[PDB]
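What follows is a single chain, given as structure tokens, in the form deposited in one PDB entry.
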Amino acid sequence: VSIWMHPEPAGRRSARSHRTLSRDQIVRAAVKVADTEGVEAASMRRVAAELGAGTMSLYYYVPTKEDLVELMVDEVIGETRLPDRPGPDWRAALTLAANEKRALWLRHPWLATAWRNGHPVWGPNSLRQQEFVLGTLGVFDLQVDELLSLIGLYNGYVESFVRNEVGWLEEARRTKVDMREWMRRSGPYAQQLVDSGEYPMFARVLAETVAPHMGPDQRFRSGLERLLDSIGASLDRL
């Protein structure tokens, strides 16, 4: 039985506060905690505390922590809007989806780790989003493995970019030193590296590394357009 078909029990009223619990109340409460504190803090006991319920009342709806994270992932994917069908402009569709995905990860940074370690999430919101993405390239004459490879290249670009954004943001929360400040403090050492002459490529790219001309929103898009051009090239050959 997949946790996606696992029959949800009737809403049950407790004797603590006397409110009624359900699976999706528990998953939303778990997302609210993870959004500030990370997936690790969103323990069944913690989420039970957030809802004023006994922890055992939660297990009745969500049997394990691992099941809770799976539910949480599919639940936040459902905030994404995209249209029902991608339409005739595949670059446009993939761009809309990439924008929406980046914004999703930024709202929920624990995705930049929860999103596919191992098994794929086959809940309804993830499946719908994947039909839209796969659907953009499914109109062309590709073998399955060509299709997955190209969507893989697209997914990896989007995910790698936003994982790095999230990593800096998360670092700043932990250390109180953000990207700007880090780059300022590393200035003297970077100059030592440059003076040594040992790292001519490092020296070449430092200015743009330390203080890029384009911000992340611009860079996300420029690299995306490059990625899309080359998919367009793979589609011309075929």
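Each residue number is its position in the shown sequence, starting from 1. In this text, the rigid core denotes the largest set of C-alpha atoms whose superposition between the two forms falls within 1.5 Å.
Absent from the display: the form deposited in another entry. The rest refers to it.
After superposition on the rigid core, the C-alpha displacement between the shown form and the other one reaches 2 Å or more for just one residue among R163, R128, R116, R91, namely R116. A49 shows a C-alpha shift below 2 Å between the shown form and the other one [criterion: core-superposed Cα displacement of 2 Å]. Superposed on the core, the two forms barely differ at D35: its CA moves less than 2 Å between the shown form and the other one. In that other deposited form, the CA atoms of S222 and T209 come closer by at least 3 angstroms compared with the shown structure. The distance between the CA atoms of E100 and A211 is at least 3 Å shorter in that other deposited form than in the form shown here.
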